[PDB]
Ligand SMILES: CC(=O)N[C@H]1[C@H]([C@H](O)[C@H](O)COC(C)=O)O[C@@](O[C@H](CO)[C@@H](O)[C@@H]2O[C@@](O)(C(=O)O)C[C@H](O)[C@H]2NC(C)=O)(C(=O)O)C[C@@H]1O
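Take a look at this one chain, the form solved without the named molecule, written out in structure tokens.
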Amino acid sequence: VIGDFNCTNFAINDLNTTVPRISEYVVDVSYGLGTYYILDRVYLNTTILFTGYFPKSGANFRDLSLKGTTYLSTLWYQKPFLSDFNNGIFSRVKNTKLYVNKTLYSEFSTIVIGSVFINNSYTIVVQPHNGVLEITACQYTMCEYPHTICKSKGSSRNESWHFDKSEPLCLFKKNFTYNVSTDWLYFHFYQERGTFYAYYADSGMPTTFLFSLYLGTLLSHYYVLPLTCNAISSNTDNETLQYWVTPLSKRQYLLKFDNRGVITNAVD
């Protein structure tokens, strides 16, 4: 289970549907993908040695996305899917693009980052809403079996990942835009000296600072929520979710900046 709140007993089973698939693709930082722009700094026309929270060059990713129809498996809410956060993660996220009539809708898995996922502790939630990325850190009463839905093509489930009827205490709450036409989003989520840091991109480039938040407490776990949908399968659209993850470590990189201050190259 994720949290301890019994939000539902509708269509729960114990089926071993899948395990996290390993990417044929590997971390290749040679053009700055898997790096980030350093906070609010600009570096121009120079090479920097920077020790940051970076993925290991040549590492694989695990796809942690789960697509459901009606049933949720209890085995989805355990290791290997419920994961130790350690220093942090680099995410490569497929923007799943669905069409209703001719209109584009953007879907991808919500990620939650926390410790025990009980409402006496802060859970960071990063959730798409069709070109809006809602980010919160809010003492959520997380469900035992949390999931999101396709709002575009619908689900046989109501959306359910927390049960807070009154608004819970928030440390952070902000919305960021992203380009709904993209193929990939990239994220860094890491922690240092009790502060959480988030970065994102939506084009295959070094990530840009979203926010940072002082927690003091270590984040110990993360979990990519299942998404339940009547679409996103071979019998309906041949579309897929993908939420690829690889661990960060405290690591020295060479970063090369051009005269525009763009990271054109990096070395692990």
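Numbering starts at 1 and runs along the sequence shown.
The same protein also has a form solved in complex with the named molecule, omitted here; what follows describes it.
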Q.
I'd like to know if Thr51 sits close to the named molecule in the deposited bound form, meaning any non-hydrogen atom pair within 4.5 angstroms.
A. no
Q: Find out whether any non-hydrogen atom of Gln252 is located within 4.5 angstroms of the named molecule in the deposited bound form, and reply yes or no.
A: no
Q. Does the named molecule get within 4.5 angstroms of any non-hydrogen atom of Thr17 in the deposited bound form?
A. yes
Q. Quick one: is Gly68 in contact with the named molecule in the deposited bound form, heavy atoms, 4.5 Å cut-off?
A. yes
Q.
Looking at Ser83, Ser152, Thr148, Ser73 here, can you tell me which has any non-hydrogen atom within 4.5 angstroms of the named molecule in the deposited bound form?
A. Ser73
Q. Which residue, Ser212, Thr208, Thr236, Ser57, has a heavy atom that falls within 4.5 Å of the named molecule in the deposited bound form?
A. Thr236
Q. So which bits of 240-266 sit within 4.5 Å of the named molecule in the deposited bound form, heavy atoms only?
A. none
